[PDB]
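Undergrad: Sequence, then the experimental structure. Questions to follow.
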Amino acid sequence: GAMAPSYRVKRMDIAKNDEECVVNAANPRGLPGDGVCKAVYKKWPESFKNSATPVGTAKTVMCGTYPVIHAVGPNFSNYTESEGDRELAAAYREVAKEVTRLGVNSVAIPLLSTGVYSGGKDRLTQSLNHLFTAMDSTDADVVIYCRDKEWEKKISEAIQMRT
Ligand SMILES: [Cl-]
Ligand SMILES: [Cl-]
Ligand SMILES: [Cl-]
């Protein structure tokens, strides 16, 4: 575990993270994809061997000894708000199980279903609150990666609010 488990946020490419493992915002088919998924494919392509997994699940594949946790959030273009919300919460609970199983002291994590799977809606708060529900009982240092300047400020504020 980390000596004083924390949450932090950085605005940069998650492929340049400084943590002991990475969560990919994966598609269900283990394809290179776009956005976070394509950056992860360029950095850790060996981790996409048999990475296909259903919506609401996470599957870990090692790149050397570096763990890539493929977490499949719902595409809100296809899911109802209700069913999508349930699957998004479930994907983060499966990330918390994998992080715990791996015995890492730190994890780099993107906000699932906030990009091309958002169905054109701002899901910062929805996705971050599901991340917190899952990860609060883990003792890993969590570092959230984003690309937008206004998102960095809002994520930082939400972390600081809980103290
Ligand atoms: Cl960068
Ligand atoms: Cl997405
Ligand atoms: Cl972002």
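TA: Structure's in. What do you need? Residues are numbered from 1 along each chain as shown. Ligands and ions are numbered 1, 2, ... in the order given.

Undergrad: Mind giving me the packing neighbours of the top helix by length along the chain?
TA: Across the chain, the helix with the greatest residue count (assigned by DSSP state H) is helix 81-102. Judged by 3 or more Cβ pairs under 8 Å, 6 or more residues apart in numbering; DSSP states H and E, the packing partners of helix 81-102 are strand 58-63, strand 66-71, strand 106-110, helix 124-135. Placement of C-beta: from N, CA and C, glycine included.

Undergrad: Give me the residues contacting the longest one.
TA: Defining contact as Cβ atoms under 8 Å, 6 or more residues apart in numbering, one finds that helix 124-135 is touched by 7, 73, 85, 88-89, 92-93, 95-96, 99, 109, 111-114, 142, 144, 151, 154-155, 158, 162.

Undergrad: What of the shortest one?
TA: With contact meaning Cβ under 8 Å, 6+ apart, strand 106-110 is reached by 2, 14, 17-25, 36, 69, 95, 99, 131, 135, 140-146.

Undergrad: if you set the cut-off to 7 Å instead, what comes out?
TA: Counting contacts by Cβ atoms under 7 Å, 6 or more residues apart in numbering, the residues outside strand 106-110 that touch it are 2, 14, 17, 19-23, 25, 36, 95, 99, 131, 140-145.

Undergrad: taking the residues you listed one by one, which sit in helices?
TA: Filtering the contacts of strand 106-110 for membership in helices, criterion DSSP H, returns 36, 95, 99, 131.

Undergrad: isn't residue 51 right next to residue 30, touching?
TA: Yes - here residue 51 lies in contact with residue 30, judged by Cβ atoms under 7 Å, at a distance of 3.7 Å.

Undergrad: and residue 79, which of the helices and strands packed on helix 81-102 is closest to it?
TA: Evaluated over the helices and strands packed on helix 81-102, closeness to residue 79 peaks at helix 124-135, with 12.5 Å, by Cβ to Cβ.

Undergrad: and the ones in helices among the contacts of strand 106-110 as TSV, adding distance to residue 79 and neighbour count?
TA: TSV is the format used below for the ones in helices among the contacts of strand 106-110 (distance: Cβ to Cβ, whole Å; neighbours: other Cβ atoms under 10 Å):
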residue	distance to residue 79	neighbour count
36	19	24
95	19	26
99	25	27
131	18	26
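
Undergrad: Done for today, thanks.
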